[PDB]
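K.L.:
Just passing along the structure, written as structure tokens.
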């Protein structure tokens, strides 16, 4: 019975309310994202609870600009909040500099926002881990954040249920050199490793990032591609 | 037991762990097996399908399949038939751990 | 006054009349059993002016 | 009893005990008695001292040309509501260029003391106001409470052992309405001489009388226009 | 429990102010005596070290040309009240070309003796003795942390004030003189102090209507002490 | 680790050779045993520090 | 009450946290200071050199003006804040009043800032105790000390930090009215005080003086060695 | 016992969050600098050396802060971004004010005052 | 578990927070049932009333709150949260109409209400408005819509929709009923709504207890049915 | 009708402690020129048994030096011993802030 | 012991001294007056006498006198004299372990870090400073 | 054990007829006959709990 | 509630069945059980007893 709340350190350890938010992230819906040579592939795992829900209303894959994709693994109600913050911030950058914002500067400022919520002492942290990507100046990128304010840079990663198992498959399956199609193939493979047995044109939801810009794929080509891709 | 806060300064150790093996629990594909074995103890009319509720996220850990079997078959013993309906599955999914449920489906 | 204080008042009427060596009880000694402050104390009093 | 600390908490019997504790803090003041005739309103209080040599802590204080208050309880809140009272008096005396009716002033007092009884961060005011005034319809004797449930009466009495005073007020409230100032004031101190234990007598220096009249401005008196008020008495019936 | 300035008691009362009235008692003593000839006042310094320079310890400070003071207990709450009291009498002289009388001074102090509030800070820990000469002659005044301000004819504060009041009520009456009250005060002092009475322990402060300036005795106090 | 998780990896690599059928104990068998008795402790997105 | 927080009185009338923030001062390094009649002198002990750094930045004696000097004990960060604000305050006094700054004014400022810092809501009290030595008005030497309560308190000699009772007991057993200064008895008195330090290692001694017209003079640990030598010579002459 | 918040003191008197921030330092990446004239160097340990990163940042612990100063870092990572931005902004405001580079000791004391502002206040 | 006694909005171990999943049955203290259905170019709300009193009125027990001229809603849970949420919805729809010049689509309104509930959830020291809201409306190029807003701030929206007390059973009937691919010719919708509530609650009652709110792409105005035509539909499904 | 009075007492007031000062001053070897009310101020909460301890401790100081005529300073340092230097160790004082 | 020690069987002149380290397990029936009058603690000593106790414990050995015990004297904040005993003897034991008459300062390091389990008196503090 | 007085049957109680019949099916049956349980082949159940005010 | 959820798993105890506070017919029937050995007359207002009880 301690820590409680956000203003004071432990006797020796860490920030238990951030560790619990990370556990709530790890208890979330799975996702996978892979940086290839020319593009970046994002893929989530979106199961409706009943047969009643519609798949055209809520969207996991969400663009920040015309060339910057972003998925998560956590809670949509906080996700939309920090999405809207990132929207307004990226449009403020484009007001200041009249140039589309680079992804490193996005990740700096979004990390500053999340860090400002981790400061004391009445607000809770986000239960949201991001996977940010974009194609700025030829070389595409991939940046994962976390509730603690930190950030990383990945070649391919995963987040959600069985991220450890999916990551051990990613270490074996993926490599340095692929194209976007082979990236989607290995991405649906590593998401199909951990998802339920019935995977359709609606249970997944996939957006890509070519150098020609962000592209959020449709259920038509998603159903064409995952119609027993291997 | 369930709670694991009792040892490993001495059970699972460098050197002591020669066959001291950690044992978690089974994945999906196992509830189907329990549904195959314990419902083979009853008579199984000839056609009341069974994968229709593994697709429900029941999570009913692997004793209470027999609780479903007991309450369901003996509810058919209120009719004293040995032959099984799908109504046994609804009455053993609204008299068993239908409490928590189902949902919550927020926050993932 | 509860019955506790009923007993307290009548025995204090005995005792107050037992002070001065009166021959029997006296009405003012009953009243000073009652003016044994109705067992409500003290006060210091300080700030109540 | 672990719910019995703050103003915000409703009790599981619904009685917020901070209000009850403020009432009990009011019950430990000095005795005071206010009562009105048809034409004159008189409030009489009792003084005390810290020691023999020191002077007595005063209770009747002036407010306005036709308003005067008695008091019991805390003195910081007393002077706080005094300054607010004088302020609201000179506010309407500035704006409307009329003397205030008493009822709207005491409604403003209740609305003033409402906020420290509902939000968190202020205490209820330990206060013992007995207000005498003159609107167009004659004298008024109001009383307050720390629960801001102000009352109108014809004769009240608050403070320590003030209940025998209330019995006297019961057995003379029919007689109060007809008389002029002098026997009215001596009915007031024929309440105060029963607000005291019987083994000591009310002297000059410990009593205070404030009269406001329909043509008479509010005036406090101390020992010298009270030496006329203290004669005209007999002893208590021993 | 009671823990906090914003909670009463089941029987009264604070319980923060009461702990302040307790916190008075640890301070050094002081004795002021009203006489119609004028107000005299005395204090004990309780000098600890020979390095402790005696004229730097303030007990009697100067508010006005005819208004003195003495402090108690905590030092710095007294410093706050003295600073503000000095400022406000000067404001009175500003808007009225006259001297703020001592009752008006102490009402002006006890307007915020209890303005204690941390939201919407703590209660002060000092007892004050006020002497001065208004138009009604001399005045001697005593306040407390709770703002319950009263006039006193000869008040004693702080440590050992019980026997100070008792032996003070033994000797005092209304038609005393000045020097008799001075030596009667320092008799009570060297019955309630612990060290030998000498030139450095105590200090006097006397104000007269014809001697409004210099409410102090400086080493003629030696001559006063050696007359006992 | 404290002394002989060496022996844990050796034994569980022998167990992997036991479930399978081999007589040569290669390095990948030991590395699978490392994956058995070296994972948990694991768990990143926690470097912070 | 309890040892939580600064706003509550004790059941017997104390403030626990002023007394408890005095303990960090009571368990800090020692620094003494005396006044001669024309030259003032003070200094700190426990140089505590860890064999591998510089120490010109860790100086515990600084100045605000050309007339006044500093010292402290307790923890050093609160000393850094108070000194930073004190420089500003001394200069702001120089802004309006065109005098050289009197020592009594800046000590009243330090104690007033310290107390209004202690009164407020949840601000931790400054656990220091400064020594403020200067000679301005007709070259009159003064030295005042502070407290976490905020009580400026004028002395003639002083001892703070660890075991300050023993050190002040030596100044008690020395402190002669004669003579005078005479800047030689004052130098030798500093030598006797630093010899009376809690350790008196001979190399951890750091002393700086002011002759009431000059600026601060940092000494050299060879002159102090001859001072220790003549102290040992007088100790042999006692026998 | 006397834990609850960063303020107030412990009964000896020590501090709680100061030592516990130090014990939060102790489990982090190792840095050092060396004694050299005509140059100075830094050393740093790579946390998270896993094979699926990018290393495209050129700097994870070093922060080239003004022009002629860099800084390593150790401890909780994301507080340091708040600190490095603010430190760069302090030195840059100095350069704006004087058009002379910052002489580094008032820079260090500025950051120490920034940290000390959260050591004193509460909570 | 807790342990932590879940008093404020923090994260507990493994891994949830308990305040919102206590707020999810503040709906369940309402004692009330709501069903929404979208089949075709219409949309139907149905909700009963629990009036035991003859002294109580019948017009002002209405839960169907006409948000705007093309958007309706129904509320369950406690009444004060519901009505305050409704005035927030009206105010923000009017804000849309002022700022952007045209009628708000029902999606953005649910997004804005969800965001308000999330801000009420993100910052503490406010109760998280324990009521659930179902919206309906017609949009051009999308037909009709049915949406649900959570107290947590999780909006969603879908074909056959139900929230309240007994809606695990209602969604069980709507899985067992919206699985056959027939069209829904508006009396199919009204009949399935009345009979789904009539099988969940199993009452088969007067036309004076349920309230029916409809919207159709022939008159896009929100419309509340009358006792006569409610009786007409009820005897039209009476075989 | 058996045990019906319940005589009350508690800690003495101040003058009770002066009377106990009289009592345990007269029954041992002190000097008859000293006062006690200052010592009575120094005992806000104490017992007459602890007044016996105070008088025997002033006797301990009167053993230390060869004293059969107890000064005021003997009882001064006796009370200073008992209530401030033996209440627990010595160091609840050692700050001014007050005087 | 209670009924015999300071019961009856008249006391007179029989000196009895009892000694402990801790006081928690003491029945207060024996702590009360009549039976035991004076209560006497002992402070772990100041450094001003640590210099003498370290000197005298090192008074009867050979030692390379360049080394400074003031490190050891200032270091351990709650030293007893058994600490000083074991230090001043065990440093000579570490030196004479390899037959050296005089002791190096890192033999004092080894000695003190044997004697105290985890010699943890540096920061905290360490950083007064 | 043998302090137990036998009572009247369930004619004293009522309004729990569902609980009477169903709890009878979970208590009384396998000692009347345990082999309808063995006609279907299922092991009989074990126990229940009563609760409320 | 305070029973450990290791005991709430079926097989050990099959189901937790609830006995409620009675309804109108329940109160009436158990009342007429209790109305038995009574020297009553034609006066027994059953509905007032059951409805005025809650």
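We number chain I the way Swiss-Prot does; in order, the residues shown are 6-244.
Yeah, the Cβs are placed from backbone N, Cα and C, and that goes for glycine too.
Not my notes, these are from Swiss-Prot:
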{"type": "MOD_RES", "residues": "I:17", "note": "phosphoserine"}
{"type": "MOD_RES", "residues": "I:63", "note": "phosphoserine"}
{"type": "MOD_RES", "residues": "I:64", "note": "phosphoserine"}
{"type": "MOD_RES", "residues": "I:102", "note": "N6-acetyllysine"}
{"type": "MOD_RES", "residues": "I:104", "note": "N6-acetyllysine"}
{"type": "MOD_RES", "residues": "I:159", "note": "phosphotyrosine"}
K.L.:
Let's check the environment of residue I:104 (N6-acetyllysine): how many other CB atoms sit within 10 Å of its CB?
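P.N.:
Result for residue I:104 (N6-acetyllysine): 8 neighbouring Cβ atoms inside 10 Å.
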K.L.:
With the cut-off set at 10 Å between Cβ atoms, which of these modified residues ends up with the most neighbours? Options: I:63, I:102, I:159.
P.N.:
I:159
K.L.:
Where does residue I:64 (phosphoserine) sit in DSSP terms: helix, strand, or coil?
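P.N.:
Where residue I:64 (phosphoserine) sits, the three-state DSSP reduction gives coil.
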K.L.:
Quick one: pull the CA-CA distance for residue I:63 (phosphoserine) versus residue I:104 (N6-acetyllysine), whole Å only.
P.N.:
37
K.L.:
Can you grab the distance from the residue listed as 'phosphotyrosine' over to residue I:17 (phosphoserine)? Cα atoms, rounded to a whole Å.
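P.N.:
Between the alpha carbons of the residue listed as 'phosphotyrosine' and residue I:17 (phosphoserine) there are 20 Å.
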K.L.:
List, in sequence order, the same-chain residues at least six positions removed whose CB sits under 8 Å from that of residue I:17 (phosphoserine)?
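P.N.:
Result: I:6, I:7, I:8, I:9, I:11, I:23.
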K.L.:
Restricting to the same chain and to sequence separations of six or more, state which residues have a Cβ under 8 Å from that of residue I:64 (phosphoserine).
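P.N.:
Spatial neighbours, sequence-distant, of residue I:64 (phosphoserine): none.
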K.L.:
With CB distance below 8 Å as the criterion, list the modified residues among I:17, I:64, I:102, I:104, I:159 that sit near chain B.
P.N.:
I:159
K.L.:
May I ask you to pick out the modified residues among I:63, I:64, I:104 with a CB closer than 8 angstroms to chain A's CB atoms, ordered by sequence, or 'none' if no residue qualifies?
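P.N.:
Listed modified residues meeting the cut-off: none at all.
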K.L.:
Indicate whether residue I:17 (phosphoserine) is helix, strand or coil by DSSP.
P.N.:
coil
K.L.:
According to DSSP, collapsed to three classes, what secondary structure does residue I:159 (phosphotyrosine) have?
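P.N.:
DSSP assigns residue I:159 (phosphotyrosine) to coil.
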